[PDB]
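Residue numbers (the working numbering), protein chains in the order written: chain A, 0 to 19; chain B, 53 to 433; chain C, -16 to 271.
Here is the structure we will look at.
Dropping the structure here:
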């Protein structure tokens, strides 16, 4: 089988305040 | 008591793999056993072995080598129920039919399997013979089987074996179980070995038998059965060649122009009589030897297919190859020590003469007490 | 020339979403049941000193019914290799069709499309479906699915409906256990190399032939790995009343004399079953 990636969830925190 | 550590763990490490429910007989053996019930001589041998054992009468009784003063007839009522069940197994089947099915499967595959329905107290309620071709079993981790798988999808009743089952305070089980009596072979492998049945070493001769009988069928219908190959000449005026044919033809039994000479004026016709031997179609000489071998491998005197040979057939292949393994298998786990299943030898119609004479001569013996004169010819006490 | 008994097969089943749905057994192939639409309003807060009353408005009681559909197939042989084989095609094939039945049934009860197959609760699309908000990253508005959503989804079930389990492909549960907070810590199972709580206590039955939003476990999502918003992630329902699976007769296998032309012995198998969605208010769907 071809080498498949293993992307895992990122550094996920926020949904309501964008950074300046 | 039980050490639970047998040297039969050689096979689970590599040779086998735990928890797989392997079949007990190879499919090739199953199909070989199937067509062996259709072969003329093979089926004849199988039913002969079957009917002989089916004739014997059962009973439960005290065993002769009773050194166990603590008799294993735990209740003496389970023994009566066990007596009842040996004479009347599960409904729609009697003990005669059970003995027949057991020995047949023992002849074709070298195996015997059963099932019990002990109520709650060692009182066995019913017995069922188990179809050996499609029986799967699962081994433990150490050296032996735990349970039996019977059927592919719907029936999955993993009937536990006798070794692992809810036992009573005395040792008798309380729930159902199975037996799986096995015929030993080389290299041990008590349960992990190949089967031992006469069908192993009769494959070639039955192939020879069927091939020659095939030659018999083809050569029976296909060869001309006519005689008198009459041939004319090339100057015979077709229009009387029929007339000549009618003349020779009109002599059939009765003839009309019958039983009389055939007179032909000129033009010599030439007749030659065809032999048509047709008396060696089945190859008689290389046939009975094939019949003899696949009969000898089954252990039957050729004379059976004089009375001395019948007695030999009874006490050399029937008794210690079908009766003593079945009896000892049941006696192993169907009741406690001191009591076991017995069949009466005097129930054999051919052995009556010999039992009669040995009793008469022993009667003449004097330096022997009465009790040992009994046990040497049955008659416990 | 030393054939073994090794029978490496290496094929998988799913889990079974059968012990959840309410089970009912029917003999006839056409059953019928009643439904209470609404009790309706009866009686107002009338004034005093009024020798009168109001008839209100009576309720409604519907009468529904549903059939049972059949499932059958055919497989045959050649009767020549069947006699010389060192194995058993039959017992392998009988297991090979019932293997196809169990997976076709469970899948059909999920994704069944109307005619001659029980309407699955997925395609029925009357379960109220909840979709999650997307997140920001470097200005991009990729869709995502945080642990904050999962706790929000499970708790939003109405309490008076009863207890309700949840169903999801195991790849999302692996996505749950492998989340990280800001600095470096895992959200679940802090510092034990693995997070595996007793699922039966968190009311999470797991399966493997659900839409599986994280494609082949390769769609976590920071760049071009976004969850492709509009995908099923998990479901939750009081299954003992939200969906029923009916059963009439288990599988059978019957030789077909006729059609077997002395070369090709032909067996026949079939079974009867069915299902239908009950009150599809108990039960909600989560999506990206």
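Cβ atoms here follow ideal geometry from the backbone N, Cα and C, with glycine treated the same way.
Reference residue i; option with closest CA among the options
i	options	result
residue 431(B)	420(B), 139(B), 419(B), 411(B)	411(B)
residue 152(C)	188(C), 179(C), 55(C)	188(C)
residue 21(C)	242(C), 43(C), 252(C)	43(C)
residue 222(B)	252(B), 174(B), 268(B), 208(B)	174(B)
residue 1(A)	201(C), 133(C), 122(C)	201(C)
residue 157(B)	204(B), 364(B), 86(B)	86(B)
residue 64(C)	104(B), 80(B), 359(B)	80(B)
residue 223(C)	148(C), 57(C), 254(C), 169(C)	148(C)
residue 51(C)	165(C), 150(C), 258(C), 264(C)	258(C)
residue 6(C)	225(C), 146(C), 91(C)	225(C)
residue 371(B)	126(B), 270(B), 403(B)	403(B)
residue 267(C)	113(C), 13(C), 58(C)	113(C)
residue 260(B)	135(B), 341(B), 429(B)	341(B)
residue 168(B)	385(B), 365(B), 390(B), 395(B)	385(B)
residue 45(C)	70(C), 32(C), 33(C), 18(C)	18(C)
residue 133(C)	270(C), -14(C), -5(C), -6(C)	270(C)
residue 215(C)	-16(C), 57(C), 244(C), 110(C)	110(C)
residue 115(C)	217(C), 238(C), 100(C)	217(C)
residue 233(C)	3(C), -11(C), 53(C)	53(C)
residue 137(B)	296(B), 319(B), 397(B), 112(B)	112(B)
residue 121(B)	428(B), 296(B), 391(B), 433(B)	391(B)
residue 97(B)	276(B), 250(B), 289(B)	250(B)
Burial state of residue i (16 or more Cβ within 10 Å)
i	result
residue 95(B)	exposed
residue 89(C)	buried
residue 55(C)	exposed
residue 315(B)	exposed
residue 420(B)	exposed
residue 422(B)	exposed
residue 199(B)	buried
residue 84(B)	buried
residue 313(B)	exposed
residue 224(B)	buried
residue 270(B)	exposed
residue 196(B)	buried
residue 32(C)	exposed
residue 149(B)	exposed
residue 401(B)	exposed
Span separating the alpha-carbon of residue i from that of residue j
i	j	result
residue 23(C)	residue 79(C)	53 Å
residue 57(B)	residue 194(B)	7 Å
residue 357(B)	residue 100(B)	10 Å
residue 117(C)	residue 87(C)	35 Å
residue 206(B)	residue 177(B)	25 Å
residue 60(C)	residue 249(C)	6 Å
residue 20(A)	residue -1(C)	As shown, chain A starts at 0 and ends at 19. That puts residue 20(A) outside it, with no answer to give.
residue 145(C)	residue 263(C)	14 Å
residue 66(C)	residue 376(B)	34 Å
residue 30(C)	residue 39(C)	15 Å
residue 208(C)	residue 120(C)	13 Å
residue 124(C)	residue 179(C)	32 Å
residue -7(C)	residue 236(C)	26 Å
residue 139(C)	residue 83(C)	37 Å
residue 194(C)	residue 202(B)	37 Å
residue 183(B)	residue 109(B)	24 Å
residue 93(C)	residue -3(C)	13 Å
Delimiting residues of the beta strand (DSSP E) encompassing residue i
i	result
residue 19(C)	13 to 21
residue 269(C)	267 to 270
residue 101(B)	Segment 92 to 106 is the alpha helix (DSSP H) holding residue 101(B); no beta strand (DSSP E) there.
residue 160(B)	Element bounds for residue 160(B): not the beta strand (DSSP E) but the alpha helix (DSSP H), 147 to 160.
residue 57(C)	52 to 59
residue 187(B)	187 to 191
residue 361(B)	Careful: residue 361(B) lies outside any beta strand (DSSP E), inside the alpha helix (DSSP H) at 359 to 365.
Where the alpha helix (DSSP H) through residue i begins and ends
i	result
residue 135(C)	130 to 138
residue 84(C)	72 to 94
residue 107(C)	104 to 107
residue 86(B)	79 to 88
Chain-ordered residues of the stretch 78 to 97 of chain B with a beta carbon less than 7 Å from chain C = Hits within the stretch, in order: 78, 79, 80, 83.
Contact residues within the stretch 197 to 231 of chain B, judged by C-beta distance below 8 Å to chain C = If the cut-off is 8 Å between Cβ atoms, the stretch 197 to 231 of chain B has 204, 205, 206 near chain C.
Given a limit of 7 Å on CB to CB distance, which residues of the stretch 134 to 168 of chain C reach chain A?
-> Within the stretch 134 to 168 of chain C, the residues whose Cβ lies closer than 7 Å to some Cβ of chain A are 158, 161, 162, 163, 165, listed in chain order.
Can you list, in chain order, the residues of the stretch 3 to 17 of chain A whose Cβ is nearer than 8 Å to any Cβ on chain C?
-> Cβ contacts with chain C: 3, 4, 5, 6, 7, 8, 9, 10, 11, 12, 13, 14, 17.
Would you list, in chain order, the members of the stretch 174 to 196 of chain B that have their beta-carbon closer than 8 Å to a beta-carbon of chain C?
-> For the stretch 174 to 196 of chain B, which is checked against every Cβ of chain C, the residues closer than 8 Å are 186.
Going along the chain, which residues of the stretch 195 to 211 of chain C sit with their C-beta nearer than 8 Å to a C-beta in chain A?
-> Those would be 199, 200, 201, 202, 203, 204, 205, 208, in chain order.
Using a Cβ-Cβ cut-off of less than 7 Å, list which residues of the stretch 67 to 99 of chain C approach chain B; keep chain order.
-> Within the stretch 67 to 99 of chain C, the residues whose Cβ lies closer than 7 Å to some Cβ of chain B are 68, 69, 70, 71, 74, 77, 78, 81, listed in chain order.
Name, going along the chain, the residues of the stretch 60 to 78 of chain B whose beta-carbon falls closer than 7 Å to a beta-carbon of chain C.
-> Interface annotation for the stretch 60 to 78 of chain B against chain C: 74, 78, criterion Cβ-Cβ distance under 7 Å.
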